Amino acid sequence: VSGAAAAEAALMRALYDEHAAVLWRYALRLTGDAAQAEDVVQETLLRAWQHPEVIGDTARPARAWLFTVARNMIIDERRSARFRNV
Amino acid sequence: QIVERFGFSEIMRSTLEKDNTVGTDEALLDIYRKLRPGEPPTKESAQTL
RNA sequence: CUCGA
DNA sequence: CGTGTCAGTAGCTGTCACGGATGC
DNA sequence: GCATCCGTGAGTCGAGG
C-alpha cells in the first residue's frame, strides 16, 4: 500500500540519523574539505538506498560498509582530474 | 560534593542553583550533544570521548 | 614573507 | 568494477570601536 | 521592552619572494 512506500522513506531517514554525521567526520579527515565531505555523504547514502542488501540486515553493521564506500569514493577523486588542476 | 568544595563562595551556590540539568548520565549527554552534534548520544559514547 | 619613505 | 568486524577536522581568541538589527 | 550579537571599518607608494 501507500504506507509500504512511506516505510522505505522512514527507513532512509533512520540511517541518516545514525550514520550521516559520523560518516561526514570520516570523509572530512580523508579530504580536509567540508564541502567535499558533504558530497561524499550524499553519494554514499545514495548507494545505500540502491542496495537493499545493506539495509536488510540490521543485526549486521551497515556503518562499516559505508566507511568503505566513502573511502573508495575519495581515492577515485584523488586521480587524474585532481592531479593537474588542484 | 560540589557544595562541599565550592561552598565558601556565593557565586558557585548560584551556579549549581541556576543549573538546568542534574545527573551524572544527564550532563554527560548534554556535553555530547553540544560537542559532537548530529549523532546518537550514548552514555558510553560520551564517556569515551 | 621580508624590507624602503 | 565492488565495496561490508574497531574504524570519526585542524585549528584555535592574543584586534576593537561602534552602531543597530536580532533575539529571551 | 532592553541586553545580545552581528557586521562594519581600520595610510599611501616601492623592492624582492
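The numbers here are math on the coordinates, done by the rules we state, and not lab data. Cβ sites come from the backbone with ideal geometry, for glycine too, and all protein chains shown count toward neighbours.
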Requested in this report: Scan the range A:27-36 and give yes if some residue there is more than 13 Å from DNA strand D (Cβ to nearest atom) and among the hydrophobic types (A, V, I, L, M, F, W, C), otherwise no.
Outcome: no
Report summary line: If we keep only residues of the range A:30-43 that are part of a helix (DSSP H, G or I) and more than 14 Å from every other protein chain (Cβ to nearest Cβ), then the residue surrounded by the most Cβ atoms within 10 Å (Cβ to Cβ) is A:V40
Query raised in the report: Has the range B:26-36 got at least one residue that is within 14 Å of chain A (Cβ to nearest Cβ), closer than 18 Å to A:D17 by Cβ and part of a loop (DSSP other than H, G, I, E, B)?
Result: yes
Query raised in the report: Which residue, of A:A6, A:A14, is surrounded by fewer than 15 Cβ atoms within 10 Å (Cβ to Cβ), more than 14 Å from chain B (Cβ to nearest Cβ) and more than 8 Å from DNA strand D (Cβ to nearest atom)?
Result: A:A6
**Report entry** Tally of residues being loosely packed, with under 12 Cβ neighbours inside 10 Å, in a helix (DSSP H, G or I) and not hydroxyl-bearing (S, T, Y) across the range B:1-15
**Finding:** 6
Query raised in the report: Which number in (1) among the acidic types (D, E); (2) loosely packed, with under 10 Cβ neighbours inside 10 Å; (3) within 14 Å of chain A (Cβ to nearest Cβ) marks the one condition that B:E39 misses?
Result: (2)
